[PDB]
């Protein structure tokens, strides 16, 4: 089997992607109702030097937007900022607007990326939000405005819109309220990412996935109290676990308690000593308990 990232199906999102162009900039927007949301730097005169967003908005030429998807062309009625996004009122309502909500993801939470190029959906893949508000994706020029979404209990949530890449290659975006994850600015200046704190919950999930896949060299009958692991995590840039509850099913199927896997984390946090788990050379925190449960058992 193995453990691989998957994405939820993208069909309900694709009809919402449009191409937004202004001046020499082209990126993607999200068309819902009679509004299109896109990163505000599309109206920046020059995206390599610092941008004065007040000047850009007050001087904006609504008729100088080009917004299109296939046989649809959209006129801009009015424009405003909401955080780091432009909210553009347009003169047509999207006939394929799905029921949807907006919410923010938190560190350790997984979601899907619909990566789009110049208004055209190209690829769909799963990611996971890190403590500093970055994701490791695969964005290149033309993919700003790409959208992250999650389906929960049949509800479509929009959670991410892509804005920029940091000097170290990490990817940064906003929620659909225009709040940038991790507090970064939509400027080219160059910005630092601090140290990410690993999701302990997701690492446990990972080890359970390994066990289900038959690998067991890393496990023993020694256990380490939550209560004690949390004291360690703390000072080792690992999150601390509130309860063992999310794992009860996975413990049942495997026969191994959480407390036994906490020992593994503390022994292996430096590395595998030339060994591997699900082909990775070190601990992976990009898979949630629910992600793993669903991939191994279809729940």
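Positions refer to the first chain, counted from 1.
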Comparing 144 to 152 with 219 to 227, the one whose average Cα B-factor in the PDB entry is higher
219 to 227
Mean temperature factor over C-alpha atoms, higher-scoring stretch between 276 to 284 and 8 to 16
276 to 284
For the listed residues 43, 38, 68, 258, which one has the largest C-alpha B-factor as given in the deposited model?
258
Is the Cα B-factor recorded for residue 244 in the lowest, middle or highest third of its chain?
highest
Binned into thirds over the chain's modelled residues, the C-alpha B-factor of residue 29 lands in the lowest
Please place residue 190 in the lowest, middle or highest third of its chain according to the CA B-factor in the PDB entry.
highest
Which third of the chain does residue 85 land in by C-alpha B-factor: lowest, middle or highest?
middle
Would you check the entry's CA temperature factor for residue 196 and let me know if it's in the chain's lowest, middle or highest third?
highest
